[PDB]
>>> print(open('work_28.cif').read())   # mmCIF, C-alpha atoms
data_target
loop_
_atom_site.group_PDB
_atom_site.id
_atom_site.type_symbol
_atom_site.label_atom_id
_atom_site.label_comp_id
_atom_site.auth_asym_id
_atom_site.auth_seq_id
_atom_site.Cartn_x
_atom_site.Cartn_y
_atom_site.Cartn_z
ATOM 1 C CA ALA J 1 0.000 0.000 0.000
ATOM 2 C CA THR J 2 1.108 3.516 -0.751
ATOM 3 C CA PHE J 3 1.007 6.309 1.829
ATOM 4 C CA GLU J 4 1.754 9.864 0.858
ATOM 5 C CA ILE J 5 2.836 11.898 3.842
ATOM 6 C CA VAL J 6 2.415 15.648 3.297
ATOM 7 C CA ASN J 7 3.681 18.431 5.583
ATOM 8 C CA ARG J 8 1.299 21.412 5.196
ATOM 9 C CA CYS J 9 2.610 22.975 8.407
ATOM 10 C CA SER J 10 4.596 26.196 8.228
ATOM 11 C CA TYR J 11 7.409 24.498 10.160
ATOM 12 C CA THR J 12 9.629 21.499 9.404
ATOM 13 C CA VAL J 13 8.549 18.147 10.761
ATOM 14 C CA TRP J 14 10.358 14.854 10.792
ATOM 15 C CA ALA J 15 7.871 12.223 9.778
ATOM 16 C CA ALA J 16 8.153 8.724 11.238
ATOM 17 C CA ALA J 17 6.612 5.382 10.306
ATOM 18 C CA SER J 18 6.997 2.206 12.363
ATOM 19 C CA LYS J 19 5.154 -0.951 13.409
ATOM 20 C CA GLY J 20 6.844 -0.948 16.837
ATOM 21 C CA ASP J 21 9.509 -3.591 16.169
ATOM 22 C CA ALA J 22 10.662 -2.369 12.723
ATOM 23 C CA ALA J 23 10.688 0.662 10.454
ATOM 24 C CA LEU J 24 8.094 1.036 7.765
ATOM 25 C CA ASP J 25 9.935 1.934 4.557
ATOM 26 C CA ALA J 26 12.859 4.182 5.522
ATOM 27 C CA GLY J 27 11.227 4.814 8.920
ATOM 28 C CA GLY J 28 11.682 8.583 8.953
ATOM 29 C CA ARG J 29 12.538 11.643 6.945
ATOM 30 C CA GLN J 30 12.661 15.405 7.195
ATOM 31 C CA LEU J 31 9.724 17.198 5.574
ATOM 32 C CA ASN J 32 10.061 20.922 5.029
ATOM 33 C CA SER J 33 6.896 22.943 4.683
ATOM 34 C CA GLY J 34 5.031 21.689 1.641
ATOM 35 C CA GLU J 35 7.101 18.543 1.044
ATOM 36 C CA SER J 36 5.557 15.145 0.378
ATOM 37 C CA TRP J 37 7.104 11.753 1.108
ATOM 38 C CA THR J 38 5.678 8.600 -0.483
ATOM 39 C CA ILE J 39 6.199 5.315 1.367
ATOM 40 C CA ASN J 40 5.271 1.734 0.599
ATOM 41 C CA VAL J 41 3.876 -0.362 3.388
ATOM 42 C CA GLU J 42 3.791 -4.147 2.999
ATOM 43 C CA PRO J 43 0.277 -5.647 2.727
ATOM 44 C CA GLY J 44 -0.783 -7.380 5.933
ATOM 45 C CA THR J 45 0.986 -4.836 8.162
ATOM 46 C CA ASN J 46 -0.730 -4.880 11.548
ATOM 47 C CA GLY J 47 -0.267 -2.116 14.075
ATOM 48 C CA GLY J 48 1.480 0.457 11.928
ATOM 49 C CA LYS J 49 1.708 4.093 13.015
ATOM 50 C CA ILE J 50 2.747 7.352 11.378
ATOM 51 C CA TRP J 51 3.516 10.495 13.357
ATOM 52 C CA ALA J 52 5.347 13.791 13.180
ATOM 53 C CA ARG J 53 8.303 14.811 15.291
ATOM 54 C CA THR J 54 9.137 18.431 16.070
ATOM 55 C CA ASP J 55 12.283 20.394 16.834
ATOM 56 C CA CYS J 56 14.778 17.669 15.881
ATOM 57 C CA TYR J 57 18.556 17.836 15.532
ATOM 58 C CA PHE J 58 20.310 15.044 13.723
ATOM 59 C CA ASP J 59 23.964 14.522 12.838
ATOM 60 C CA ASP J 60 25.361 12.957 9.657
ATOM 61 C CA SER J 61 24.849 9.432 11.041
ATOM 62 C CA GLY J 62 21.091 10.082 11.552
ATOM 63 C CA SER J 63 21.449 10.234 15.352
ATOM 64 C CA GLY J 64 20.072 13.037 17.458
ATOM 65 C CA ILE J 65 17.060 14.211 19.426
ATOM 66 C CA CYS J 66 13.519 15.603 18.887
ATOM 67 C CA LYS J 67 11.336 17.495 21.358
ATOM 68 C CA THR J 68 8.242 15.486 20.473
ATOM 69 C CA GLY J 69 7.964 11.928 19.177
ATOM 70 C CA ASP J 70 11.653 10.995 19.503
ATOM 71 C CA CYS J 71 12.153 7.280 18.650
ATOM 72 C CA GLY J 72 15.350 6.467 20.547
ATOM 73 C CA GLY J 73 17.341 9.309 18.971
ATOM 74 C CA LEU J 74 17.124 7.974 15.383
ATOM 75 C CA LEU J 75 16.129 9.799 12.173
ATOM 76 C CA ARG J 76 14.946 6.476 10.795
ATOM 77 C CA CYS J 77 12.589 5.125 13.438
ATOM 78 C CA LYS J 78 12.439 1.390 14.235
ATOM 79 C CA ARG J 79 10.332 1.855 17.370
ATOM 80 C CA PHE J 80 7.427 4.093 18.400
ATOM 81 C CA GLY J 81 8.020 7.612 19.520
ATOM 82 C CA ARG J 82 7.943 9.356 22.870
ATOM 83 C CA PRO J 83 4.682 11.189 23.688
ATOM 84 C CA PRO J 84 3.187 13.575 22.981
ATOM 85 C CA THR J 85 2.409 12.317 19.476
ATOM 86 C CA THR J 86 -0.782 12.585 17.446
ATOM 87 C CA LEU J 87 -0.995 9.102 15.843
ATOM 88 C CA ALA J 88 -2.226 7.820 12.498
ATOM 89 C CA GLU J 89 -2.809 4.106 13.110
ATOM 90 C CA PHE J 90 -3.536 1.344 10.637
ATOM 91 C CA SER J 91 -3.825 -2.369 10.137
ATOM 92 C CA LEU J 92 -3.929 -3.504 6.525
ATOM 93 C CA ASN J 93 -5.486 -6.544 4.816
ATOM 94 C CA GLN J 94 -7.085 -7.920 7.969
ATOM 95 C CA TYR J 95 -9.574 -10.458 6.626
ATOM 96 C CA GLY J 96 -10.154 -8.399 3.482
ATOM 97 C CA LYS J 97 -10.370 -4.994 5.194
ATOM 98 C CA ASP J 98 -8.103 -2.136 6.233
ATOM 99 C CA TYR J 99 -8.655 -0.338 9.531
ATOM 100 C CA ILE J 100 -7.551 3.256 10.109
ATOM 101 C CA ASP J 101 -7.896 5.709 12.985
ATOM 102 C CA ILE J 102 -6.366 8.748 14.585
ATOM 103 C CA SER J 103 -5.496 8.502 18.265
ATOM 104 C CA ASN J 104 -4.792 11.032 21.011
ATOM 105 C CA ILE J 105 -4.119 8.238 23.556
ATOM 106 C CA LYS J 106 -0.412 9.211 23.488
ATOM 107 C CA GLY J 107 -1.191 12.927 23.427
ATOM 108 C CA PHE J 108 -1.136 15.471 20.652
ATOM 109 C CA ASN J 109 1.683 17.386 18.973
ATOM 110 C CA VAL J 110 0.675 18.258 15.391
ATOM 111 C CA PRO J 111 -2.792 18.400 13.769
ATOM 112 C CA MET J 112 -3.446 15.660 11.220
ATOM 113 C CA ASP J 113 -5.782 14.407 8.516
ATOM 114 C CA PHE J 114 -5.659 10.731 7.580
ATOM 115 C CA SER J 115 -7.652 10.003 4.420
ATOM 116 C CA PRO J 116 -7.818 7.317 1.734
ATOM 117 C CA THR J 117 -6.725 8.289 -1.752
ATOM 118 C CA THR J 118 -8.713 5.323 -3.168
ATOM 119 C CA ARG J 119 -12.481 4.778 -3.076
ATOM 120 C CA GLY J 120 -14.860 3.350 -0.523
ATOM 121 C CA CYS J 121 -14.369 4.929 2.944
ATOM 122 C CA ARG J 122 -14.036 8.307 4.669
ATOM 123 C CA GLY J 123 -11.045 9.937 6.286
ATOM 124 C CA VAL J 124 -10.608 11.191 9.806
ATOM 125 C CA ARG J 125 -9.093 14.380 11.136
ATOM 126 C CA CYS J 126 -7.936 16.001 14.348
ATOM 127 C CA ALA J 127 -7.135 19.587 13.501
ATOM 128 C CA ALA J 128 -8.162 21.627 16.542
ATOM 129 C CA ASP J 129 -5.713 23.719 18.528
ATOM 130 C CA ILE J 130 -5.179 21.165 21.238
ATOM 131 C CA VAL J 131 -1.755 22.552 22.166
ATOM 132 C CA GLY J 132 -3.065 26.070 22.655
ATOM 133 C CA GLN J 133 -6.017 24.882 24.786
ATOM 134 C CA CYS J 134 -4.104 22.129 26.663
ATOM 135 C CA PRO J 135 -4.820 21.910 30.418
ATOM 136 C CA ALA J 136 -1.862 23.252 32.389
ATOM 137 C CA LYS J 137 -1.015 19.873 33.992
ATOM 138 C CA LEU J 138 -0.770 18.162 30.584
ATOM 139 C CA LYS J 139 1.339 20.767 28.784
ATOM 140 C CA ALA J 140 4.690 19.421 27.659
ATOM 141 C CA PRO J 141 7.613 21.924 27.969
ATOM 142 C CA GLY J 142 9.123 20.679 24.705
ATOM 143 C CA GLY J 143 5.840 21.295 22.958
ATOM 144 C CA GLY J 144 2.621 19.367 22.738
ATOM 145 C CA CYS J 145 -0.155 18.222 25.014
ATOM 146 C CA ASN J 146 0.464 14.968 26.891
ATOM 147 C CA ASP J 147 -2.158 12.391 27.660
ATOM 148 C CA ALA J 148 -2.945 11.816 31.309
ATOM 149 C CA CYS J 149 -1.528 8.262 31.398
ATOM 150 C CA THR J 150 1.898 9.589 30.379
ATOM 151 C CA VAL J 151 1.762 12.330 33.000
ATOM 152 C CA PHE J 152 0.194 10.629 36.049
ATOM 153 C CA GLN J 153 0.767 6.860 35.486
ATOM 154 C CA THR J 154 -2.442 5.701 37.214
ATOM 155 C CA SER J 155 -4.445 2.571 36.536
ATOM 156 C CA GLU J 156 -7.449 4.727 35.644
ATOM 157 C CA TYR J 157 -5.731 6.880 33.039
ATOM 158 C CA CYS J 158 -3.683 4.012 31.562
ATOM 159 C CA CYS J 159 -6.587 1.534 31.750
ATOM 160 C CA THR J 160 -4.213 -1.017 33.215
ATOM 161 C CA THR J 161 -6.938 -3.341 34.564
ATOM 162 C CA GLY J 162 -8.911 -3.213 31.309
ATOM 163 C CA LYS J 163 -11.603 -1.318 33.185
ATOM 164 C CA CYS J 164 -11.529 2.432 33.131
ATOM 165 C CA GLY J 165 -13.867 5.307 32.295
ATOM 166 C CA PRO J 166 -13.507 8.638 30.605
ATOM 167 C CA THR J 167 -11.812 11.337 32.696
ATOM 168 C CA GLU J 168 -11.686 15.119 32.788
ATOM 169 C CA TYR J 169 -8.505 14.869 30.734
ATOM 170 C CA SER J 170 -9.796 12.368 28.149
ATOM 171 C CA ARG J 171 -12.914 14.512 27.684
ATOM 172 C CA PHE J 172 -10.704 17.515 26.835
ATOM 173 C CA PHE J 173 -9.220 15.670 23.878
ATOM 174 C CA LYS J 174 -12.615 14.272 22.892
ATOM 175 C CA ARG J 175 -14.342 17.676 22.939
ATOM 176 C CA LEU J 176 -11.721 19.123 20.558
ATOM 177 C CA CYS J 177 -11.340 16.007 18.393
ATOM 178 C CA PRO J 178 -14.359 13.718 18.508
ATOM 179 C CA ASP J 179 -13.150 11.515 15.707
ATOM 180 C CA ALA J 180 -9.919 10.514 17.508
ATOM 181 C CA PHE J 181 -9.448 7.992 20.348
ATOM 182 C CA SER J 182 -9.239 9.891 23.651
ATOM 183 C CA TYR J 183 -8.603 6.968 26.026
ATOM 184 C CA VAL J 184 -8.042 3.221 25.724
ATOM 185 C CA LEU J 185 -11.737 2.171 26.012
ATOM 186 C CA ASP J 186 -13.195 5.069 24.055
ATOM 187 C CA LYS J 187 -16.032 4.143 21.714
ATOM 188 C CA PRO J 188 -14.043 3.240 18.543
ATOM 189 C CA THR J 189 -13.617 5.837 15.845
ATOM 190 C CA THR J 190 -11.952 3.286 13.572
ATOM 191 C CA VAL J 191 -12.830 3.489 9.875
ATOM 192 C CA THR J 192 -13.152 0.347 7.805
ATOM 193 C CA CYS J 193 -11.756 0.698 4.276
ATOM 194 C CA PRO J 194 -11.410 -1.836 1.450
ATOM 195 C CA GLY J 195 -8.412 -4.064 1.749
ATOM 196 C CA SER J 196 -5.393 -2.704 -0.128
ATOM 197 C CA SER J 197 -6.506 0.944 -0.076
ATOM 198 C CA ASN J 198 -3.937 3.762 -0.381
ATOM 199 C CA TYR J 199 -3.745 6.768 1.888
ATOM 200 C CA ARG J 200 -2.539 10.281 2.554
ATOM 201 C CA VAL J 201 -1.491 11.661 5.924
ATOM 202 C CA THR J 202 -1.458 15.439 5.999
ATOM 203 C CA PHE J 203 0.134 17.359 8.858
ATOM 204 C CA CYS J 204 -1.571 20.729 9.532
ATOM 205 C CA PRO J 205 -4.451 20.067 7.118
ATOM 206 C CA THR J 206 -6.145 23.409 7.793
#
>>> encode(input="work_28.cif", output="structure tokens")
Amino acid sequence: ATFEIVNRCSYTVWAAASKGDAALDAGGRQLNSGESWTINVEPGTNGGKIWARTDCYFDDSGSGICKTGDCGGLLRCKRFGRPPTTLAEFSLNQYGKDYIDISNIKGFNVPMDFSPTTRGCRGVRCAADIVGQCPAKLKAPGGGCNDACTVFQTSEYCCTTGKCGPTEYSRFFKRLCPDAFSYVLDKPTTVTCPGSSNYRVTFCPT
């Protein structure tokens, strides 16, 4: 499957793509404002994520640091990134269907649209100014708006027992972005697309 990753933000982002134990495609790249990066993701990929990283410094070897979404100091991510990260999540060719969503479970850094470029399903977006409106206790110094599990590490926020409810913090994310997951047991906002669809992820869609 083809994903085109487009940076419409006015600032540089460093896109990342991983399935947690391996890179997808090259795993990461710098995107200046307006640049597009096209990746190929193997059919059958389960548990893939794409995200943006901000305020990164990398040396010639591709080693460095980012203020949001750092994936162990690497330009080319093999593992998932450090919160806060708005996430585009997908599982492809799962019994004939692809499943896509946007999640705020690991916080929010950059607004995002995640849409098919082929026919037969809808896209999803979270484009509100979550960073500007972020509750004081969830604001990340480096930038972004952390989820409450990251900040407080309680069973209730992290849904450790598999039983948890919405919280004042989850409802903040949900009010601003209803079509994104706000906590682990949120009513699913997953979209079902035809198997082998192609997609575009746009940072700063609006």
>>> residues_around(input="work_28.cif", residues="residue 159 in chain J", least_positions_apart="5", cutoff="9 Å", atoms="only C-alpha atoms", output="count of residues only")
7
>>> resolve_selection(input="work_28.cif", expression="the PyMOL selection byres ((chain J and resi 203) around 7)", output="list in words")
residues 6, 7, 8, 9, 110, 111, 112, 113, 201, 202, 204 and 205 of chain J
>>> residues_around(input="work_28.cif", residues="residue 54 in chain J", least_positions_apart="4", cutoff="12 Å", atoms="all atoms listed in the file", output="MDAnalysis selection string")
chainID J and resid 7 9:16 29:32 58 65:71 75 81:86 108:110 142:144 203
>>> closest_residue(input="work_28.cif", among="J:187, J:105, J:17, J:94", to="residue 158 in chain J", atoms="all atoms listed in the file")
J:105
>>> closest_residue(input="work_28.cif", among="J:137, J:125, J:97, J:76", to="residue 176 in chain J", atoms="all atoms listed in the file")
J:125
>>> atom_distance(input="work_28.cif", atom1="CA of residue 39 in chain J", atom2="CA of residue 129 in chain J")
27.8 Å
>>> atom_distance(input="work_28.cif", atom1="CA of residue 62 in chain J", atom2="CA of residue 2 in chain J")
24.4 Å
